[PDB]
Each structure stands twice: as structure tokens, then as C-alpha cells.
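Next up: just one chain, as C-alpha cells, the form solved without the ligand.
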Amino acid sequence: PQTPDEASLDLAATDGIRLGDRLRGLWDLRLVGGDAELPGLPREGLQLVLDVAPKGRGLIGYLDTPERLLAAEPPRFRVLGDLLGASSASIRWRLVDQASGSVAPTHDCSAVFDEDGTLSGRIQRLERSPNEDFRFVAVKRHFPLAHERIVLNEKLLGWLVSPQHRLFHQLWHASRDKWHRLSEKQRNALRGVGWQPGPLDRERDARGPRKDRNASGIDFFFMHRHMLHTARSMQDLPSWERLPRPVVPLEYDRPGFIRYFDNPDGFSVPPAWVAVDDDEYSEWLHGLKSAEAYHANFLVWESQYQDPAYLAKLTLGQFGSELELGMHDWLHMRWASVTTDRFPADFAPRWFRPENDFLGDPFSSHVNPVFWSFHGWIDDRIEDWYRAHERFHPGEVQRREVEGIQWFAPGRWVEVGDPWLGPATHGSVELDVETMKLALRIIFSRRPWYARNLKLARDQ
């Protein structure tokens, strides 16, 4: 077979990208077998840190004790490999002895996925010619969940996980999200139980053709600010000042890379998962959790929504609609972990348990601690928007307290003064829960809520 005439850019295809993702992170490693020794290391209590670039085919890493992997000095063993022809059946890498002052590999490693991931492997010493019994097992460390790193106190958590609050949060979204597509029969049924999204026969659909101009954006901003106010009476919940940056690559900051996978502040991006039989969803989710999406979308939002000239072109309604329909749904899925997904009108008791803090579904998103951090950030941009109009249109926006919340008077830049909190503004706990279940059944009688509007770019 004729050899290639030239190299070409050989980015990882789907299979190599997924394999890279299974390998990337921190592993607990033990040596196994009669002849299993690495110079200057114990047999137990080792770690393997691996990195593959997002479309890389090279494999890099380090092998040492946990303490040495976080230390300043070069780890004892460096991993160098490549994923050409690699699969679950064969992952190979060389070890370099960084104490030897030589980059010549000392060991040949081969591994198999035994099916967060387990590697079962063989190490051969390259000093001796090919038989020795030198094996290892590597168990990938759990990617900690946000609730394992930011503790919401018992009083906040009690409010958040309650049936009335979960159903309220889900129905508030579903009513205004589905309004433009609901028959007049559905609409009159919701009107009947005070759950129409805003004023009777002047409802503010969030996703219809007039979504940017009908003031639905004001409902978005106001309901979340009201929620933040109540949450913040029970617990200190500091907004993000800056959006968290993607993990620093292992090549540049080995301790920073390793820490990222311990999610120490609860703000690490949980790695994308593969949706069985849904490649479009898999690609979409992987996209929005990527560094590329940070630099192409999230950093753009971070700039524009603190840009006075950008914000000064928008009514509070236009701003709310724009930020909700783009950034807000992407914040949910970028920080989403784990979970097949709950059907919107499925009220099985298990879904109410405090463990259910899935960011992909408003029934549960508010239970996730990261929710409060990025809602804090969104809510702070309203102040950027106010300062923008005070610079470019002094006095055209007026402050005003509304439902106990610092807010804004209707004006040239604030289309309405009656923000929608549900029946409380425009409409026993048990009758309330039942009314909300009925309202959800009217609307709704697989992918998570915040994935239902997924659009791939042409590139993907």
C-alpha cells in the first residue's frame, strides 16, 4: 500500500474525541502481580492524570503519588502516547522516567477498558527484552457534583425541594414557553386557574414571534430577581463576578488541571455525557461544555452584557428575552451533570427528593447550587443595563420598588410595570400543588427541558 505524499491536519473524529473524554482526568492506580514495581514509588496509592486536547490524538499525563502530582517539582513518570488505532480494547502509552535526565521511555504500557471507567493494563520494562507479571488497575475518580462542594443549608434546601416550589418553577416556565403554540382551549383552561403568563388576554409568551417586543423579558428578569431575594434571605449566595474559565490544560498547570477534576468550588464544568442513540444531542452538549464554546459564545455574552453601548440599545424586555433565549439555557446545560430525563407531567414521588437537582429541568434546576451563582450574575447585568441607560438616556429609566423588589418604573425602556410571578400577580398548599399539576397536564397532555430548543451550527 502506497504511503502518504504529505501530512494533513488530522483532528480526532467522533470516536477519538469520546475516547479522549473517557481517559481525561484523575485515576487511582495500583500495581498488580509478582514483578509489578516502578522505581521510587509504592505499589499502592498511585495516581495517573491523563489529558487529551479537545480534538487531539496525543495522550499526555503523569504517574506518581497524589501529593507528588500536586507538587511543584516534575512528577516521577511522564505519560506519552497517542490514540491512533486506540479503542476500549487497546490504549497504549510510554512512561518517561523524569528523574533519569533522559526522555527515552523506560516502560511500555497497554490498557483495556473493563466495562466512571476502569483500566486494566500491562507494563513492560524496556530495559528487559520480551516473561514478567507486571499489571495495574486504574479507577477513574468520580467527578464531584456541585451539591458535594457547595452546601445549601436545611432551611433553603427545604424551600427549594418542596412540591409547591418545584411545580411552581416548572409551570412558570412551561406556561410562558408553550403559550404561543397552545390552542385557545388550553389557553382558556390556564386562564381558568389563573396560570396564564401575565395579564388576561394580553399574555406575554416567551417564545412566540413577538417574544423580543411583548415585554416577556421583564417577566424573565423579575421572577428570577424575586427568587434570588427569597433565596438570599436564607443563605449567602454571592453571584459569579466573572464566568468560570475552562480547565487549564495539563501541559501548562498540572496542579490546576488536577484540582479542576475535584470541582473544588462547585464551578467546574461536568464533562459531557454521550446520549445513547442521539448523536445530535451528544454533539450539541459536548459543544456547549467545550473551551471553544467558552471563547465563541460565553465570553461574548460576558462582554456584551457588560458593554454600555450594547445594553443602551435594548429595552429591559428586549434584554431579558435575548439573554434568556441564548445564554440562560446554555448556562443550565454547560453546568449540568448526570440526571433518562423526567417527563414534564411525571409527578412520581422520587422526582421530589432533594437528590433531584438536575440543571436541565426547571422542576429541579433551582435545587442545584450553581443555579444561584449564574442567576446572581444574570441579575447583576440588570444594573449594567440601568447604568447604560443612565449614561446614554439620563432619567429615561426610573427605579421603583415592585412586589418588595428593587425594580424599574414603566418608561421608554421598560415596556410594562406588572411583572408576572404567577397567579399571585395575575390570577392550602395541597389545592395549590393540585392546581399546578392540572395546569401542567393542560400544557403537556428524549432530552432535558433546557435541551428541547437545541440547534447545531453547520460546523457540528
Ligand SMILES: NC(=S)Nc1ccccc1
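Sequential numbering from 1, following the sequence displayed.
Missing deposited residues between residue 427 and residue 428: 10 or more, all without coordinates in the entry.
The segment from residue 130 to residue 131 is interrupted, since 1 to 3 residues of the deposited sequence in that interval carry no coordinates. Remark: stretch with higher mean C-alpha B factor among 289-297 and 381-389 is 381-389. Here 214-222 and 185-193 are compared by their mean Cα B-factor, and 185-193 comes out higher. Within the group 304, 365, 373, 87, the record's highest C-alpha temperature factor is found at 87.
Residue-level inspection of the entry shows that, of 208, 308, 354, 75, 354 has the top Cα B-factor. Sort the modelled residues of the chain by CA B factor and residue 324 lands in the lowest third. Sorting the modelled residues of the chain by their CA temperature factor places residue 58 in the lowest third. The entry lists a Cα temperature factor for residue 338 that places it in the highest third of the chain's modelled residues. When the modelled residues of the chain are ordered by their C-alpha B factor, residue 160 lands in the middle third. Annotation for residue 48: CA B-factor lies in the lowest third of the chain's modelled residues.
This next part talks about the form deposited with the ligand bound, which is not shown.
Residue heavy atoms within 4.5 Å of the ligand in the entry with it bound occur in exactly one stretch of 75-83, 277-285, 252-260, 178-186, and that stretch is 277-285.
In the entry with it bound, none of the heavy atoms of residue 445 sits within 4.5 Å of a heavy atom of the ligand. The closest heavy atom approach of residue 17 to the ligand in the entry with it bound falls within 4.5 Å. In the entry with it bound, the ligand lies within 4.5 Å of some heavy atom of residue 273.
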